[PDB]
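In what follows, a structure is listed as structure tokens, so that the remarks can point back to it.
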Amino acid sequence: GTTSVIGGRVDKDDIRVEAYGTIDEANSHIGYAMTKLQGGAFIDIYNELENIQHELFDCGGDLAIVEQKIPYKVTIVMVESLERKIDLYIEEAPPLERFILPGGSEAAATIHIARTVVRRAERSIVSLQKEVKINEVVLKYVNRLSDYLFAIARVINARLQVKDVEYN
Amino acid sequence: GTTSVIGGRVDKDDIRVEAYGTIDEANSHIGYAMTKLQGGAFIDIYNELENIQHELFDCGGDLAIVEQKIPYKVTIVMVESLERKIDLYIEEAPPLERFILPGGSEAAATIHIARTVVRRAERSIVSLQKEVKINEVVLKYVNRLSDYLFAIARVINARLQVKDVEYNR
Amino acid sequence: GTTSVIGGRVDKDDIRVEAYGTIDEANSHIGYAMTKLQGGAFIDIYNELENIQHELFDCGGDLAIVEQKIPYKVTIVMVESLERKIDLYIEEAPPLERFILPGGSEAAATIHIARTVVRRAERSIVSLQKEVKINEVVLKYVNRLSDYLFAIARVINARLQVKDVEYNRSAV
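Protein chains in written order, with the working numbering: chain A, 42 to 209; chain B, 6 to 174; chain C, 1107 to 1278.
Following this line, the structure appears as structure tokens:
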């Protein structure tokens, strides 16, 4: 009925468990999207995604810490790293002049799914924060991550010469 | 901790955000399934899915309308459209004689996943509706959409010469 | 705003519906993963997953039963079956001493997603059990299933010669 966390134990359906459990779910979706980005044209994105998976483990670990039992690993440095990539990718992709619908190339499509799962994880983290103090940087990281995912989804389509699917 | 919606702002974990966010999740699964349905053999289903992505996006917009600054976009006409297609596809598919397990062709399998996500979205909309007034057509649309997805999943397997996976020990 | 279940009716957003609805979601991911495992190299895992889809369907049926209207279908025998396969696959897979990134081959990746959805279903079942009586065996089954999925995910990658990627916090 309960599970152990870092510095204590909580019920298996505790919002804390839901939080890092959904981070795990998002990390798994990214893992799948990566199998679609093994092309030589995406070595950079694949490599960045791979690192993000480790950082997601960092996020899950931090969220599992009760009363700062051990040091937090997610820092503002990792958030700013994502922000720089987001800027670069927005620059690479064609100008955004229409509302985008999720889809296009299969790689971009799976990235859009991962994007929504990351956003779902963010909501769970917000819920956790409402009852216990957390590494607030984790929330910022996950928030920027969905923006990063949206950005590379459009870059993935563009590199493959596929127009983004637009609301029209 | 909050996010801007149409007419104001709400907490990021507000049941309203969970609702349109999950609608977005379902829409993304549909986008992925569509990448497996581009052939000439699926032009009818693919076009209907293209339209559904728009209506799903509209559903999300209607759920994000806190301070009704604008009229809702999802109408009953769109729900009836799904109902007619559901009957059409049930007719096309083989007789349903056993319980169906999700799977079969890759295309059908992804459509089945989308179906379960649409149902998860429906549950969030039900919860939202209990707390605030919503465009009730959205709930009806989402409810019909999962039946439509189930229907085309079977049609997809049939067209692809694959038998549906059945519960049969 | 309600839905029919076995021996009654409940609100469509009832924790009970969330539970079997998520079992359904997990079952659908398994079904998709199965399309990637039809090769001769995975006959054993594919057949086990075929059976698991039935058991998962049974889990949902058991969760939809209000006040033991009918006998439960999920039994401890099926839980033990999972446990035996778990040891078997941990034995086949290379030694594991660190957390690893979920992914690798397309098949393993989809299995990892299924694993996380099964765990999400487990949380809903835990919540359900706090409100009403349920077939406790279902909770034990879903609990073991996520470990089984983790195990075959690593085996699938191993069989495809895909090496696990260990978490970069090397002291963990």
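Note that CB positions come from ideal geometry on N, CA and C, so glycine has one too.
Residues in the same chain with beta-carbon distance under 7 Å from residue i, minus the five sequence neighbours each way, listed in chain order, please.
| i | result |
| --- | --- |
| C/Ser1233 | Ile1121 |
| A/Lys53 | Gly42, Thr43 and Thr44 |
| B/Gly65 | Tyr25, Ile28 and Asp29 |
| B/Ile116 | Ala38, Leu154, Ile157, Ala158 and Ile161 |
| B/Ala119 | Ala31, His34, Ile35, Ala38 and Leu154 |
| B/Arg125 | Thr27 |
| C/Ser1211 | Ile1262, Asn1263, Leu1266 and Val1268 |
| A/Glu172 | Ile56 |
| B/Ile95 | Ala156 |
With 8 Å as the threshold, decide whether the Cβ of residue i is near any Cβ in chain B.
| i | result |
| --- | --- |
| A/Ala134 | no |
| C/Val1180 | no |
| C/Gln1159 | yes |
| A/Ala150 | yes |
| A/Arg164 | yes |
So with CB distances below 7 Å, who are the chain B contacts of residue i?
| i | result |
| --- | --- |
| A/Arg160 | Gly26 |
| C/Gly1107 | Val131 |
What residues of chain C sit near residue i, judged by a beta carbon separation below 9 Å?
| i | result |
| --- | --- |
| A/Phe83 | Within chain C, no residue comes near A/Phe83; the closest Cβ sits about 15 Å away, beyond 9 Å. |
| B/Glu111 | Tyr1138, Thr1141 and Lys1142 |
According to the neighbour-count rule (16 or more other Cβ atoms, all chains shown, within 10 Å of its Cβ), is residue i buried or exposed?
| i | result |
| --- | --- |
| B/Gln134 | buried |
| A/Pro135 | exposed |
| C/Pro1177 | exposed |
| residue 256 of chain A | The requested residue 256 of chain A is not part of the displayed model; chain A covers only 42 to 209. |
| C/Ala1257 | buried |
| B/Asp169 | buried |
| B/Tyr172 | exposed |
| A/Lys110 | exposed |
| A/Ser165 | buried |
| B/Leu87 | buried |
| B/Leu106 | buried |
| A/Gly48 | exposed |
| A/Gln94 | buried |
| B/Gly45 | exposed |
| C/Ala1277 | exposed |
| B/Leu61 | buried |
| A/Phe140 | exposed |
| A/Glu138 | exposed |
| A/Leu129 | exposed |
| B/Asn56 | exposed |
| A/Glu59 | buried |
| A/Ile175 | buried |
| B/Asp67 | buried |
If you drop the 5 nearest sequence neighbours on each side, which residues of the same chain put their C-beta closer than 8 Å to that of residue i?
| i | result |
| --- | --- |
| A/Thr116 | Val178 |
| C/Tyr1152 | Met1140, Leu1143 and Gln1144 |
| C/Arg1250 | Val1185, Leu1188, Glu1189 and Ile1192 |
| B/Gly108 | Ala114, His117 and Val170 |
| C/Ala1264 | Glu1198, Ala1199 and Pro1200 |
| B/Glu127 | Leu144, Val147, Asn148 and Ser151 |
For chain C, is any of its Cβ atoms less than 8 Å away from the one on residue i?
| i | result |
| --- | --- |
| B/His117 | yes |
| A/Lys181 | no |
| B/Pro107 | yes |
| B/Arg159 | no |
| B/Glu55 | no |
| B/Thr40 | no |
| B/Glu136 | no |
| B/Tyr172 | yes |
Please decide whether residue i counts as near chain A, where near means a Cβ-Cβ distance under 8 Å.
| i | result |
| --- | --- |
| B/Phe104 | no |
| C/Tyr1254 | no |
Who are the Cβ neighbours of residue i in its own chain at under 6 Å, not counting the five residues just before and after it?
| i | result |
| --- | --- |
| residue 207 of chain B | Here chain B has residues from 6 to 174 only, and residue 207 of chain B is not among them. |
| C/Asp1164 | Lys1179 and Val1180 |
| B/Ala112 | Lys41, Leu42 and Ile161 |
Q) Which residues, in order along the region 47–72 of chain A, keep a beta-carbon less than 9 Å from a beta-carbon of chain C? A) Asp52, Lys53, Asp54, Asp55, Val58, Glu59, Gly62, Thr63, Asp65, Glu66, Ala67, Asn68, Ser69, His70, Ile71 and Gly72
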